[PDB]
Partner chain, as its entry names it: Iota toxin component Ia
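Here's a solo chain for you in structure tokens, the form solved without the partner chain.
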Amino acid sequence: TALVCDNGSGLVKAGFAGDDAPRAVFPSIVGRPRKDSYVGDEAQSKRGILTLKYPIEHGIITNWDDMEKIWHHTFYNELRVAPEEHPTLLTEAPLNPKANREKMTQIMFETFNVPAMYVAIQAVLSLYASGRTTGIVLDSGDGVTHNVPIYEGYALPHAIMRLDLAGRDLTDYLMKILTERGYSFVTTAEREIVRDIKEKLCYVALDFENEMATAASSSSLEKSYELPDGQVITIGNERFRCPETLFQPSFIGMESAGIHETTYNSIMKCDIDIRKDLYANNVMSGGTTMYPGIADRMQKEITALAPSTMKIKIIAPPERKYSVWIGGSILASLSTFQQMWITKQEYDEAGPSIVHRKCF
């Protein structure tokens, strides 16, 4: 049975084609003491003796020796398979460098000896999982945010927007403003505690200025969080100020337009004839789109930017942390996908550049 591996800046999502969910989800980290190395959940717990490295940054693989360790860990420790037995669908970021696609292909065939493989674009898989062939995906993870317009099954490369503001930046900012509130979150161990606060307590305000005034004239927007040591801390307007950064990147000294503006800019780089279908099919995917209120806020913000007669629809599936993986699971399972794999034989005859002809 085919394997599906969705490698992210922060998390690896791995499983079997035909399952409704990944079997394994773990941090894309390699830890070394300074046993040579530890990968994933093992590296997290042993951080007292380990220095941690992330092989993927902003969606792009930049450390290929550590990435091989991630993949070995996926095959042997998590999925517990013999790689040589299983066709392997991998995912890539939009606009992933051509040499990266080739390197990925080379490693799979030459290091792991897979019988077949395929590389799919993450945002496109997410659109498929939503039961659409046309739309614009807002994919936001731990390391990167993209706007990816897609028409009749294929991304429009010229109109893709990249934003190097995502979950890790939000976590760092929450650390800063919680520090300002009197607490001390600065170390890497403490980063993960603040990430949990972010995931449990943060939300996107429908109207930001109104929310600030509510938090200033009430305490009903305040929440408590129990630290590991037992200390109960309070979170006030930081709850919505953190993710507001997505809409106002100036909050962290960035000159970039916020996610609503990049969405509009992306749509506007497309043919006027398809924009209507883009506006009606805004699909959110990735962990950083999980904030309560984000879909309603995006609806409001894009409505304000679009022509007043445009039908705007934000689709935010509850399962959208795994949408990319699920799309891959469906794709790999289709009776019509059997001929679409790059086989080991095809790789032997053509070399790594086959990926550019077999995988859009």
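Positions refer to the first chain, counted from 1. Rigid core (definition): largest C-alpha set, two forms, superposition within 1.5 Å.
FYI, the form solved in complex with the partner chain isn't displayed, but the following is about it.
Using a 4.5 angstroms threshold between heavy atoms, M161 counts as touching the partner chain in the deposited bound form. With contact defined as any non-hydrogen atom lying within 4.5 angstroms of the partner chain in the deposited bound form, the stretch 172-188 contains no contacting residue. Among the residues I60, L305, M67, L50, the single one whose Cα moves by at least 2 Å between the shown form and the other one, once the core is superposed, is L50.
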